[PDB]
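So this first bit is one chain, no partners, the form deposited in one PDB entry, shown in structure tokens.
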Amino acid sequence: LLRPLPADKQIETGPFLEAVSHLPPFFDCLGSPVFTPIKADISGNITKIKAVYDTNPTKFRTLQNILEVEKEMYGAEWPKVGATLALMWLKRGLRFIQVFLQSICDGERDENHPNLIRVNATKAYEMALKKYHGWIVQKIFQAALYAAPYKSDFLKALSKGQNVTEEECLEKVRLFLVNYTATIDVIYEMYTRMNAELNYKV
């Protein structure tokens, strides 16, 4: 579980990185090397932010501090720089996971293929990432789509710490999603507020 959102909405950088660093392992249980480009990217961005944070944990105590400090540091180059840029991309990967898990938890599915998760992944992709990807990168994500595991296999990979029903697994995901969604929401709101959001395509 992520930390509760402080009432002032200031996300502590350390505990944030700690929490999100638990996410990339879940990719390794999707049953294909076709997810390693996606995992490497999310892990890559967590590593970049931690790197900046570790240089001055006090100065970078909160995510907002990162943006404020780097803006001061890099001037006109900001926000296309440093941990700000890493977190701009990270939040999109985190949002993908959020939408994807929420979609599954909400019972959204293709009635023709109730044991696939392609509709959930496509939805998450369209909502979180697609607008920032050119066709080269989109092909990489479509490959991940057709390699996506069966829903039953995925939910076993989330649980199967053993003796947990699929409904109980979904209950635990629903709980995780509460603070996770709020955190991601606040990060997006901050990027917009601070004019840190860039819309270039990769």
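Residue positions are given as counts along the sequence shown, with the first one as 1. Residues that one form lacks are left out of the comparison. We call the rigid core whatever largest set of C-alpha positions still superposes within 1.5 Å between the two forms.
Asker: Please compare 28-36 with 141-149 and name the stretch with the higher mean C-alpha B-factor in the deposited structure.
Answerer: In the deposited entry, the stretch with the higher C-alpha B-factor mean is 28-36.
Asker: Comparing average C-alpha B factors as deposited, tell me which of 97-105 and 76-84 sits higher.
Answerer: Comparing 97-105 with 76-84, the higher average CA B-factor belongs to 76-84.
Asker: Between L67, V164, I49, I136, let me know which has the highest C-alpha B-factor in the entry?
Answerer: Highest C-alpha B-factor among the listed residues goes to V164.
Asker: Where does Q10 sit by CA temperature factor within its chain: lowest, middle or highest third?
Answerer: It falls in the top third of the chain.
Asker: Of the three thirds of its chain by CA temperature factor, lowest, middle or highest, which one includes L158?
Answerer: Highest third.
Asker: C-alpha B factor of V173, ranked within the chain: lowest, middle or highest third?
Answerer: For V173, whose C-alpha B-factor we compare with every modelled residue in the chain, the answer is the middle third.
The same protein also has a form deposited in another entry, omitted here; what follows describes it.
Asker: Kindly specify the one residue in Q138, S152, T36, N56 whose Cα moves by 2 Å or more between this form and the one not shown, with superposition done on the rigid core.
Answerer: Spelled out, the residue whose C-alpha shifts by 2 Å or more is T36.
Asker: Could you tell me whether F27 and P33 have their C-alpha atoms closer or farther apart in the other form than in the shown form, knowing the shift is 3 angstroms or more?
Answerer: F27 and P33 sit closer together in the other form.
Asker: Closer or farther: the CA pair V34/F154 in the other form, versus this form, with a change of 3 Å or more?
Answerer: Those two alpha carbons end up closer in the other form.
Asker: Which bits shift between this form and the one not shown if the core is lined up, counting only runs of three or more residues where every C-alpha moves 2 Å or more?
Answerer: Only one moving run appears between this form and the one not shown, namely 29-38.
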